[PDB]
Amino acid sequence: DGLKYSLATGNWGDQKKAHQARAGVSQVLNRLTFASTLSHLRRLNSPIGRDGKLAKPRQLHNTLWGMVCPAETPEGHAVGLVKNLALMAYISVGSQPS
Amino acid sequence: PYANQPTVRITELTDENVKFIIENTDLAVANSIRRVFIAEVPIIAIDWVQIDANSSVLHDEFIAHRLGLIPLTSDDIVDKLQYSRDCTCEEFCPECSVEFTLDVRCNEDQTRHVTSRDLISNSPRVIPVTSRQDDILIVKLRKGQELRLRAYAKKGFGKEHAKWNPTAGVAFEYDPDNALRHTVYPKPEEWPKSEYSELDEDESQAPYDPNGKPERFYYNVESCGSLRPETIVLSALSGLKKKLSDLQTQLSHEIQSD
Amino acid sequence: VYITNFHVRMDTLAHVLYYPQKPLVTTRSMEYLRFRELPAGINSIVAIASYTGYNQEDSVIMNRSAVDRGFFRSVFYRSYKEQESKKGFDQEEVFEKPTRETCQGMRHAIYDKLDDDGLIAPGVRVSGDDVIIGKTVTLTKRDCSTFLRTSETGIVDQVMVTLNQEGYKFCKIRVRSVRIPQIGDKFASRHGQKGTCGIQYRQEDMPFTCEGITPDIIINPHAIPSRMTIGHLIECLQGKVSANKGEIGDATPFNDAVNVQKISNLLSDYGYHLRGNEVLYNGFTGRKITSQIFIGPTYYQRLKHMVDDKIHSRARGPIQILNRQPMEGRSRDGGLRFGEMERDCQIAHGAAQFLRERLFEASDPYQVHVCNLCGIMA
Amino acid sequence: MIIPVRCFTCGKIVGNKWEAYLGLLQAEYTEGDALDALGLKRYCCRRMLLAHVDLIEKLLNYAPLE
Amino acid sequence: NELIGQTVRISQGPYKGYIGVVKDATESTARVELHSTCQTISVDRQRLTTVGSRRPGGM
Amino acid sequence: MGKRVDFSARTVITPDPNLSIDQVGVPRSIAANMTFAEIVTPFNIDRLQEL
Amino acid sequence: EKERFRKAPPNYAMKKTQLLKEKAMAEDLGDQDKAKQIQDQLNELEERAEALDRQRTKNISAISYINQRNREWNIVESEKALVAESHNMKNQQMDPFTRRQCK
Amino acid sequence: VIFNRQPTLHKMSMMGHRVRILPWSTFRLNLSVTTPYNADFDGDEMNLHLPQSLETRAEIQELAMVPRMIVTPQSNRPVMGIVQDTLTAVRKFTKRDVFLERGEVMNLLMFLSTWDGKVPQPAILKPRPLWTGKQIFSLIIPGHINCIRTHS
Amino acid sequence: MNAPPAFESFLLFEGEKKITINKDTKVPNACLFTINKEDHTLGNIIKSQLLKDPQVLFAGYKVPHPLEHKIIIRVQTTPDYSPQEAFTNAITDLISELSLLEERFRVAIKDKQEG
Amino acid sequence: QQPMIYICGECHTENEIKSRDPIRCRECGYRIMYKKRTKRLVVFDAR
Amino acid sequence: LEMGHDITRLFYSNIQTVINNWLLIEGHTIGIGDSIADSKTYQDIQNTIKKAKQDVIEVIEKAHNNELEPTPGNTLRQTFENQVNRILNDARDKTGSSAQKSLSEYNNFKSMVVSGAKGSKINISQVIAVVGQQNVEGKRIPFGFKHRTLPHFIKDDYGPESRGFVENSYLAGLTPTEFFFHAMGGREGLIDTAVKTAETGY
Amino acid sequence: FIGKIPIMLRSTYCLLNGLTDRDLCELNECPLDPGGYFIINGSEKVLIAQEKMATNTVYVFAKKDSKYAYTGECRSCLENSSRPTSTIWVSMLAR
RNA sequence: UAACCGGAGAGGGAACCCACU
Ligand SMILES: [Mg+2]
Ligand SMILES: [Zn+2]
Ligand SMILES: [Zn+2]
Ligand SMILES: [Zn+2]
Ligand SMILES: [Zn+2]
């Protein structure tokens with residue numbers, strides 16, 4: 001039930017302390033058009049909260065070349081925080097340093 | 001004040017399109033004839049579908065829409081029928097509609113192409129264009145899927161729905177060379193010659209003609225298979241003539257009553 | 001077509017086009033997106049011309065005859081889920097046709113439209129406030145059925161009955177609704193040119209070339225100069241060359257082998273103005289319009305923001321329980337908020353009577369008694 | 001899903017030309033010569049067969065029975 | 001009332017040859033929700049013919 | 001200071017150059033939904049009788 | 001009792017039967033059961049493939065042929081266009097295209 | 001009816017309009033009213049409020065009606081003007097070399113409301129009657145106005 | 001849901017008059033003919049025929065709203081010619097033109113076929 | 001005397017399900033099943 | 001001010017209706033033919049941009065040689081940045097101006113700019129001649145990586161295209177590096193819009 | 001038995017793995033589905049990638065809005081231990 | 001020297017995410 005709950009509501013934590021957890025980590029897949037499903041499956045998310053008057057975390061840094069799409073961002077209040085992988089960007093899965 | 005004297009000269013006549021030139025007529029008349037070619041030419045087309053059973057991957061409304069767009073050979077029956085909304089009968093009758101039937105089931109292993117060969121008709125002269133070249137595909141069925149429906153085709157014209165449009169494309173054109181300067185080219189030499197340009201390859205556009213009206217309106221009426229391409233023109237002229245006659249009768253009634 | 005098995009999916013809010021088309025000018029990297037196998041849009045003959053003033057201020061004119069031929073026609077699927085349950089010792093929820101002879105709480109709906117099982121049948125023309133799932137809860141019994149959302153108006157597509165984890169009867173019903181593109185529907189291009197369908201003309205009324213080629217969509221020229229979507233013009237120019245060549249052009253971003261002049265050189269080999277313009281004839285009078293119109297195939301999309309899913313009106317509808325004001329939202333038959341900024345807008349107007357009406361008389365009028373000397377709220 | 005019966009812009013019947021177009025492309029035809037042979041002159045009608053994607057072939061893979 | 005909720009066929013006027021179910025009927029007119037279009041029209045009650053939908057045999 | 005009000009409608013706006021600058025083209029269902037309370041008078045008793 | 005005399009592979013239980021047979025073969029540590037399951041799965045796969053090819057024998061085989069031919073023709077068209085590019089290397093003078101030349 | 005776009009930033013965001021019922025399902029409004037509401041037609045939505053009394057309808061008609069809101073106290077200038085497409089069209093229309101024949105003038109005059117019913121003397125009588133663009137546009141300017149402006 | 005039925009562009013309702021004449025008061029010998037359920041197809045030809053009449057001072061037409069099916073033709077003739085008969089003659093001779101065109105097309109067709 | 005016939009899923013065999021019955025196919029076992037098309041009059045004015 | 005508000009009401013409607021009905025005869029459009037610049041103006045554009053690039057190179061040489069004199073108020077590095085920005089602003093403005101005078105009377109960008117309906121001469125400059133310098137926070141593109149703006153450039157490269165100066169036009173297309181720099185420049189507009197909306201309403 | 005774990009579609013532990021194109025259609029599914037999402041109560045859920053600061057790395061920032069001239073942050077994290085990441089701070093005072 | 005029926009609105013909530021101008 002703990003898995004099934006955190007994956008259903010999106011709150012990353014326990015149900016007794018849900019208001020203290022993260023939110024929106026697990027979202028309903030967007031089956032509206034294939035290009036929306038694919039883009040929802042390769043979506044990044046900077047956890048910086050909204051109501052933020054700062055601009056540096058929202059700006060397209062030079063170092064996002066080839067990793068993050070420099071054009072696909074929401075135009076609302078999440079502009080620059082929600083991102084998208086470039087086509088040939090691969091995220092390392094990890095290995096033992098031994 | 002009185003009537004100008006229009007002429008006609010058919011340059012190409014096939015069973016699929018007609019190219020003719022109208023001379024000595026006003027632009028408004030020659031363009032209204034074009035508009036009547038598209039909208040106000042009656043034609044028989046499926047406009048009512050009762051689906052007995054449908055198991056195809058196409059939706060019930062998809063089948064109805066596709067059946068609506070199949071052209072039916074209306075050449076002499078169309079001038080006999082009564083408009084559906086103006087007929088006295090309850091439901092449908094031969095005077096105001098052509099019955100159609102399509103009962104199909106796929107049992108063979110290979111997929112069934114539900115073309116227009118499967119549209120049965122209660123009359124021999126009004127059918128999908130199959131007389132004399134593949135046929136319009138309505139549905140594709142797998143093993144165990146079916147389509148069974150009754151349909152009626154009503155007398156209509158392209159002003160209500162595009163299914164009653166008897167033309168593929170009407171190519172209306174006048175004054176090929178820019179003699180009247182009705183259009184201004186920023187660079188006249190970048191523009192290809194019209195098909196009817198009585199102009200050598202040296203000059204770009206005809207020298208300006210200050211006093212001159214548009215005549216010699218070049219048409220290319222292409223049928224969709226329903227009406228023969230000359231019957232389209234004949235019936236369009238008849239229909240515009242009849243619109244004007246009816247309006248004149250109503251105007252006389254308005255005048256005598258004032 | 002958002003997925004090839006969309007007929008098995010009992011999704012909430014699915015949209016699929018009747019005749020989606022592959023883009024005539026594509027990038028080489030949309031092959032790996034699988035976009036030519038599940039495309040979203042139709043190549044349309046766009047004419048970038050200010051015609052008759054409705055193709056105006058981000059709006060677009062559309063060819064009504066093209067729509068009649070299935071242009072951008074789409075079907076809208078909505079799914080309703082319901083589950084029976086054991087409410088308690090005394091009360092049980094079950095699917096049965098609500099019946100005034102034994103059920104209380106019945107309403108003005110036509111309950112004859114759904115079968116004895118308690119579920120509407122596949123292929124039944126439903127409408128707003130029609131009963132979709134005949135649930136009854138025994139207390140004799142209270143009609144707790146589920147009704148089609150007000151002003152949805154579709155035809156039941158398929159009805160599935162099964163069990164859930166708890167072994168209770170559980171049905172997901174979905175209703176299809178064909179959506180012809182009317183005026184007010186939102187259409188966009190592949191370059192950021194969003195626009196609503198301003199008005200629809202028949203083929204006889206649209207402008208036409210030297211042959212009977214009329215636009216499917218007419219878009220305002222004033223959309224280009226400030227937004228500088230020159231890629232829209234280059235696409236509208238190369239789609240013509242792709243439709244004449246008879247094979248699909250390339251629009252990879254940084255090609256260096258596809259510049260405007262080479263496309264124009266190709267386009268002039270098929271008997272067209274090398275820059276894409278054409279001599280249109282006014283659809284109303286048949287006279288040539290003195291400016292040669294830019295025209296060509298352009299891959300236009302149909303966005304999900306259809307007007308009939310946004311038109312909303314109210315006149316003394318339901319009311320909230322705590323503060324007896326109109327409900328909120330279109331689905332609840334709520335009323336629009338007369339926010340504070342509107343209050344200030346009316347204050348600046350000096351229209352104190354309209355302000356009073358809006359904030360007191362059309363929202364929540366009430367009366368109380370009060371003492372003339374000491375008592376408060378008697 | 002399936003080839004449109006008529007060209008959206010013109011009105012010319014293109015519903016009986018998808019299979020013939022596929023056959024001509026089964027031959028070594030260049031993609032434009034097939035349209036030219038099918039009597040499609042206007043580019044509005046040519047785009048109907050150029051851009052069409054036949055999904056009804058993919059939907060028929062979900063056999064109801066057998 | 002009497003024919004509310006029944007399937008009718010509009011047998012006259014512009015909406016000839018249309019099937020729908022009567023949403024509300026009065027002594028003069030009736031509101032038929034058309035089966036094909038997504039609309040409810042108000043037709044006169046003499047323009048209508050009841051078609052019904054029943055199955056015989058029941059055994 | 002801010003409430004929800006009866007007799008209000010919301011819809012997508014679209015251009016119409018044929019309307020006068022002081023005219024708004026409402027659709028037919030919105031006009032057929034909301035009402036205006038009108039007093040009866042010997043002046044307009046027949047119009048409202050027919051309505 | 002119905003499944004007793006009615007064959008399992010009729011008609012839509014094929015893929016589910018394939019998965020169940022693979023699970024049964026995997027769950028058994030005995031070689032005889034594994035071999036019997038392998039033979040049964042091979043026979044069922046052959047029968048199902050024959051049935052699927054028979055159904056797709058018409059109207060879907062054709063478009064698969066023309067799709068393989070389309071992509072093959074495209075890989076041929078690309079290389080012939082590339083040889084044309086290599087051949088047309090006489091003079092490239094058109095203006096409207098540029099590239100960076102810093103430093 | 002009084003008509004609003006929810007970002008009601010200034011007084012001209014809630015101007016009052018006369019209603020006309022039209023077939024399709026959208027709030028159609030004149031182009032020139034775009035600038036007051038800052039409301040393009042890419043999908044924008046606006047709220048319609050219907051007053052519910054004579055004392056309120058009269059107040060709206062006499063205080064908030066659209067033509068009474070042409071000039072704004074914010075900057076003493078108009079806020080509604082000939083804008084967007086019709087401005088380019090009118091610039092091209094008023095060029096010195098725009099000439100029209102009787103058949104086009106008599107069609108354009110059909111769209112003037114305050115036309116006095118008299119066709120003005122064409123600017124060119126021979127070799128052929130031709131009307132200059134300014135000649136037709138002078139019929140649209142009301143009354144006897146006197147102003148001097150400079151083209152861009 | 002608010003889409004008008006397509007038959008409303010040519011089918012008259014009950015009570016509507018096909019054509020309605022109103023005398024214009026702002027100038028003498030001027031009328032306004034209001035045709036219901038018509039469009040540029042029938043207004044344009046009438047107008048263009050009226051401009052060939054030498055006794056017609058003014059002729060013009062409009063479609064007041066593209067969503068409404070009605071045209072307003074305005075005629076103004078000389079004092080010795082009422083616009084009623086101007087309009088009537090401009091429809092009569094227009095019908096004659098179209099009938100002549102029908103006849104000449106019909107003969108040219110049979111001359112083209114095996115000829 | 002109509003028993004409310006359903007169509008199975010994986011089976012596609014018509015089953016007779018009355019009230020107070022478990023939704024399972026008469027053969028092979030299936031908890032998913034759909035409903036048959038209506039017998040009401042389906043008429044589309046094709047447009 | 002002279003007539004009432006009703007006569008002006010009819011004035012507005014009459015202008016719209018009469019002019020839009022004439023627009024059915026005149027017609028109006030925009031297309032690729034309005035962006036092409038006749039191949040004579042392209043030579044001027046290229047020459048101006050190349051001379052600007054050479055001037056920037058000379059300024060860089062002077063700075064590296066410590067020959068660049070600090071202008072009043074500004075420091076050495078700040079005056080170098082001001083010099084480069086001044087030179088590239090001159091380049092963009094001059095190329096745009098040359099583009100303006102090359103447009104034919106029938107050019108549909110000019111018809112929409114001189115009417116004032118939509119667009120500005122800067123949009124014509126960017127579409128036809130050159131897009132220009134892309135700034136973020138008022139400065140040229142910053143060294144996001146270690147002493148360079150992208151991996152494709154070399155450390156300590158202050159040249160035009162190394163720091164964001166877009167030298168192509170929207171008709172000729174953007175080189176990938178300057179495409180990314182243009183995206184960086186354009187993100188500022190979206191961020192500022194999203195924060196302005198919430199900051200001014202309060 | 002410990003409990004149920006939700007499986008992401010088209011993973012190495014989904015029934016829809018390494019499966020051919022005939023079989024995906026036989027199971028009424030599409031061969032174009034990318035996978036990568038969970039089914040939770042019949043709803044397709046996607047885990048959106050969350051970015052953070054890289055652990056076990058030194059960062060020297062300069063917070064001007066405090067008493068410190070510099071701050072050598074280091075978010076240390078051994079490896080997915082039951083102890084969440086802990087951070088050192090070797091800062092320098094302003095004076 | 002006679003004539004059968006009368007009942008009316010079922011009335012619901014927080015949070016988070018996504019999206020639109
Ligand atoms: Mg907008
Ligand atoms: Zn009949
Ligand atoms: Zn008291
Ligand atoms: Zn076509
Ligand atoms: Zn079972």
# chains A, B, ... in the order shown; residues from 1 in each chain; ligands from 1
call {"tool": "interface_residues", "arguments": {"of": "chain I", "to": "chain C", "cutoff": "12 Å", "atoms": "only C-alpha atoms", "output": "PDB file with N, CA and C atoms, in the first residue's frame"}}
result
ATOM      1  N   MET I   1     -23.726  22.661 -31.421  1.00  0.00           N
ATOM      2  CA  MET I   1     -25.076  22.698 -30.782  1.00  0.00           C
ATOM      3  C   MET I   1     -25.852  23.930 -31.227  1.00  0.00           C
ATOM      4  N   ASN I   2     -25.125  25.010 -31.516  1.00  0.00           N
ATOM      5  CA  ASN I   2     -25.708  26.234 -32.042  1.00  0.00           C
ATOM      6  C   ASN I   2     -25.546  26.344 -33.551  1.00  0.00           C
ATOM      7  N   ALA I   3     -25.157  25.259 -34.205  1.00  0.00           N
ATOM      8  CA  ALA I   3     -24.974  25.275 -35.650  1.00  0.00           C
ATOM      9  C   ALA I   3     -26.336  25.315 -36.341  1.00  0.00           C
ATOM     10  N   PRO I   4     -26.612  26.311 -37.177  1.00  0.00           N
ATOM     11  CA  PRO I   4     -27.891  26.333 -37.886  1.00  0.00           C
ATOM     12  C   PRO I   4     -27.957  25.203 -38.896  1.00  0.00           C
ATOM     13  N   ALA I   6     -28.281  23.368 -42.374  1.00  0.00           N
ATOM     14  CA  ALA I   6     -27.786  23.850 -43.656  1.00  0.00           C
ATOM     15  C   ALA I   6     -28.905  24.263 -44.600  1.00  0.00           C
ATOM     16  N   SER I   9     -30.194  28.290 -45.656  1.00  0.00           N
ATOM     17  CA  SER I   9     -29.627  29.227 -46.612  1.00  0.00           C
ATOM     18  C   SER I   9     -30.447  29.348 -47.890  1.00  0.00           C
ATOM     19  N   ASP I  39     -27.839  35.177 -52.120  1.00  0.00           N
ATOM     20  CA  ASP I  39     -26.431  35.452 -51.862  1.00  0.00           C
ATOM     21  C   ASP I  39     -25.860  36.173 -53.080  1.00  0.00           C
ATOM     22  N   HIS I  40     -24.533  36.198 -53.181  1.00  0.00           N
ATOM     23  CA  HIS I  40     -23.848  36.920 -54.245  1.00  0.00           C
ATOM     24  C   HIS I  40     -24.165  36.314 -55.606  1.00  0.00           C
ATOM     25  N   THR I  41     -24.695  35.092 -55.622  1.00  0.00           N
ATOM     26  CA  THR I  41     -25.025  34.454 -56.892  1.00  0.00           C
ATOM     27  C   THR I  41     -26.104  35.230 -57.634  1.00  0.00           C
ATOM     28  N   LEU I  42     -27.146  35.667 -56.922  1.00  0.00           N
ATOM     29  CA  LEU I  42     -28.275  36.317 -57.564  1.00  0.00           C
ATOM     30  C   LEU I  42     -28.258  37.835 -57.443  1.00  0.00           C
ATOM     31  N   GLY I  43     -27.482  38.388 -56.517  1.00  0.00           N
ATOM     32  CA  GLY I  43     -27.426  39.830 -56.364  1.00  0.00           C
ATOM     33  C   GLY I  43     -26.446  40.460 -57.331  1.00  0.00           C
ATOM     34  N   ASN I  44     -25.342  39.758 -57.580  1.00  0.00           N
ATOM     35  CA  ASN I  44     -24.278  40.308 -58.412  1.00  0.00           C
ATOM     36  C   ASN I  44     -24.716  40.436 -59.865  1.00  0.00           C
ATOM     37  N   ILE I  45     -25.370  39.402 -60.405  1.00  0.00           N
ATOM     38  CA  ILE I  45     -25.825  39.452 -61.792  1.00  0.00           C
ATOM     39  C   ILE I  45     -26.898  40.517 -61.960  1.00  0.00           C
ATOM     40  N   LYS I  47     -27.235  43.246 -60.173  1.00  0.00           N
ATOM     41  CA  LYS I  47     -26.585  44.551 -60.106  1.00  0.00           C
ATOM     42  C   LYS I  47     -25.858  44.870 -61.405  1.00  0.00           C
ATOM     43  N   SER I  48     -25.063  43.921 -61.906  1.00  0.00           N
ATOM     44  CA  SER I  48     -24.292  44.177 -63.115  1.00  0.00           C
ATOM     45  C   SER I  48     -25.193  44.404 -64.320  1.00  0.00           C
ATOM     46  N   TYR I  61     -25.477  46.492 -54.074  1.00  0.00           N
ATOM     47  CA  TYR I  61     -26.014  45.443 -53.220  1.00  0.00           C
ATOM     48  C   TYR I  61     -25.009  45.132 -52.124  1.00  0.00           C
ATOM     49  N   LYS I  62     -25.508  44.510 -51.058  1.00  0.00           N
ATOM     50  CA  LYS I  62     -24.675  44.078 -49.946  1.00  0.00           C
ATOM     51  C   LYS I  62     -25.250  42.801 -49.352  1.00  0.00           C
ATOM     52  N   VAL I  63     -24.387  42.046 -48.677  1.00  0.00           N
ATOM     53  CA  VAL I  63     -24.812  40.976 -47.781  1.00  0.00           C
ATOM     54  C   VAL I  63     -24.624  41.486 -46.355  1.00  0.00           C
ATOM     55  N   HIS I  65     -24.778  40.534 -43.314  1.00  0.00           N
ATOM     56  CA  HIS I  65     -23.957  39.739 -42.428  1.00  0.00           C
ATOM     57  C   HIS I  65     -23.768  38.373 -43.077  1.00  0.00           C
ATOM     58  N   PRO I  66     -22.534  37.869 -43.181  1.00  0.00           N
ATOM     59  CA  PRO I  66     -22.335  36.574 -43.855  1.00  0.00           C
ATOM     60  C   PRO I  66     -23.045  35.416 -43.179  1.00  0.00           C
ATOM     61  N   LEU I  67     -23.349  35.520 -41.885  1.00  0.00           N
ATOM     62  CA  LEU I  67     -24.085  34.485 -41.177  1.00  0.00           C
ATOM     63  C   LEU I  67     -25.592  34.606 -41.360  1.00  0.00           C
TER      64      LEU I  67
END
call {"tool": "select_by_dssp", "arguments": {"residues": "range 1-57 of chain D", "states": "helix (DSSP H, G or I)", "output": "list in words"}}
result
residues 18, 19, 20, 21, 22, 23, 24, 25, 26, 31, 32, 33, 34, 35, 36, 37, 43, 44, 45, 46, 47, 48, 49, 50, 51, 56 and 57 of chain D
call {"tool": "residues_near_ligand", "arguments": {"ligand": "ligand 5", "cutoff": "12 Å", "atoms": "only C-alpha atoms (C1' of nucleotides) and all ligand atoms", "output": "compact mmCIF listing (two decimals) with C-alpha atoms, in the first residue's frame"}}
result
# COMPACT_ATOMS: atom_id res chain seq x y z
CA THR C 162 -16.64 -6.67 -14.94
CA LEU C 163 -15.50 -7.07 -11.34
CA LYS G 2 -16.26 -27.39 -21.30
CA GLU G 3 -12.48 -27.00 -21.60
CA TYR J 6 -23.45 -10.20 -22.99
CA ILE J 7 -20.41 -10.80 -25.20
CA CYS J 8 -17.27 -12.15 -23.57
CA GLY J 9 -13.81 -10.73 -24.15
CA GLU J 10 -11.04 -13.25 -24.80
CA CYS J 11 -13.84 -15.67 -25.82
CA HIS J 12 -16.37 -13.56 -27.78
CA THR J 13 -19.11 -16.06 -26.91
CA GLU J 14 -22.56 -14.78 -26.02
CA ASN J 15 -23.36 -15.43 -22.35
CA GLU J 16 -26.69 -15.23 -20.53
CA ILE J 17 -26.22 -13.19 -17.35
CA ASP J 21 -24.88 -13.69 -11.22
CA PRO J 22 -21.07 -13.65 -11.35
CA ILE J 23 -19.73 -11.94 -14.46
CA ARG J 24 -17.72 -14.78 -15.98
CA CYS J 25 -17.71 -16.37 -19.40
CA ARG J 26 -19.53 -19.67 -19.79
CA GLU J 27 -16.21 -21.04 -21.06
CA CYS J 28 -12.50 -20.64 -20.35
CA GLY J 29 -12.88 -18.02 -17.63
CA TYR J 30 -13.11 -14.28 -18.24
CA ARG J 31 -13.91 -11.40 -15.90
CA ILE J 32 -14.15 -8.82 -18.71
CA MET J 33 -17.20 -8.77 -20.94
call {"tool": "residues_around", "arguments": {"residues": "range 10-26 of chain F", "least_positions_apart": "2", "cutoff": "6 Å", "atoms": "only C-alpha atoms (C1' of nucleotides)", "output": "list in words"}}
result
residues 54, 198, 311 and 312 of chain C; 17, 18, 19, 20, 21, 22, 26, 27, 28, 29, 30, 31, 41, 43, 44, 45, 46, 47 and 66 of chain H; 13 of chain K
call {"tool": "residues_near_ligand", "arguments": {"ligand": "ligand 1", "cutoff": "10 Å", "atoms": "only C-alpha atoms (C1' of nucleotides) and all ligand atoms", "output": "ChimeraX atom specification"}}
result
/C:57-59,194-196 /F:13 /H:38-45 /M:20-21
call {"tool": "residues_near_ligand", "arguments": {"ligand": "ligand 2", "cutoff": "8 Å", "atoms": "only C-alpha atoms (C1' of nucleotides) and all ligand atoms", "output": "count of residues only"}}
result
13
call {"tool": "closest_residue", "arguments": {"among": "I:115, I:64, I:28, I:5", "to": "chain F", "atoms": "only C-alpha atoms"}}
result
I:64
call {"tool": "atom_distance", "arguments": {"atom1": "CA of residue 142 in chain H", "atom2": "CA of residue 7 in chain K"}}
result
6.8 Å
call {"tool": "residues_near_ligand", "arguments": {"ligand": "ligand 3", "cutoff": "10 Å", "atoms": "only C-alpha atoms (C1' of nucleotides) and all ligand atoms", "output": "list in words"}}
result
residues 369, 370, 371, 372, 373, 374, 375, 376, 377 and 378 of chain C
call {"tool": "residues_near_ligand", "arguments": {"ligand": "ligand 4", "cutoff": "12 Å", "atoms": "only C-alpha atoms (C1' of nucleotides) and all ligand atoms", "output": "PyMOL selection string"}}
result
(chain B and resi 167-170+222+224) or (chain C and resi 43-45+65-66+69+203+211-216+243+297) or (chain D and resi 4-14+39-49)
call {"tool": "atom_distance", "arguments": {"atom1": "CA of residue 34 in chain F", "atom2": "CA of residue 314 in chain C"}}
result
6.3 Å
call {"tool": "residues_around", "arguments": {"residues": "residue 18 in chain J", "least_positions_apart": "2", "cutoff": "9 Å", "atoms": "only C-alpha atoms (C1' of nucleotides)", "output": "PyMOL selection string"}}
result
(chain C and resi 117) or (chain J and resi 3-5+16+20-21)
call {"tool": "interface_residues", "arguments": {"of": "chain A", "to": "chain M", "cutoff": "9 Å", "atoms": "only C-alpha atoms (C1' of nucleotides)", "output": "short mmCIF file (atom, residue, chain, number, x, y, z; two decimals) with N, CA and C atoms, in the first residue's frame"}}
result
data_model
loop_
_atom_site.label_atom_id
_atom_site.label_comp_id
_atom_site.auth_asym_id
_atom_site.auth_seq_id
_atom_site.Cartn_x
_atom_site.Cartn_y
_atom_site.Cartn_z
N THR A 9 -1.09 9.12 -5.62
CA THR A 9 -1.29 10.53 -5.27
C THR A 9 -0.16 11.42 -5.76
N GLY A 10 1.05 10.89 -5.80
CA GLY A 10 2.22 11.64 -6.20
C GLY A 10 3.03 12.18 -5.04
N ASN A 11 2.48 12.12 -3.83
CA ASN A 11 3.17 12.57 -2.64
C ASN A 11 4.30 11.59 -2.33
N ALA A 23 5.45 16.81 -4.08
CA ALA A 23 4.18 16.66 -4.79
C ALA A 23 4.40 16.71 -6.30
N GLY A 24 3.52 16.05 -7.05
CA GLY A 24 3.63 16.01 -8.51
C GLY A 24 4.78 15.14 -9.02
N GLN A 27 2.65 11.67 -11.99
CA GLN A 27 1.53 12.30 -12.69
C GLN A 27 0.81 11.36 -13.61
N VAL A 28 -0.46 11.63 -13.90
CA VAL A 28 -1.25 10.80 -14.81
C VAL A 28 -0.65 10.94 -16.19
#
call {"tool": "interface_residues", "arguments": {"of": "chain L", "to": "chain A", "cutoff": "8 Å", "atoms": "only C-alpha atoms", "output": "JSON, numbers by chain"}}
result
{"L": [5, 6, 34, 36, 37, 40, 41, 43, 44, 45, 46, 47, 48, 49, 50, 51, 52]}
call {"tool": "interface_residues", "arguments": {"of": "chain J", "to": "chain E", "cutoff": "8 Å", "atoms": "only C-alpha atoms", "output": "list in words"}}
result
residues 1, 2, 39, 40, 41, 42, 43, 44, 45 and 46 of chain J
call {"tool": "residues_around", "arguments": {"residues": "range 54-56 of chain G", "least_positions_apart": "4", "cutoff": "9 Å", "atoms": "only C-alpha atoms (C1' of nucleotides)", "output": "ChimeraX atom specification"}}
result
/B:108-111,142-143 /D:61 /G:49-50,60-61
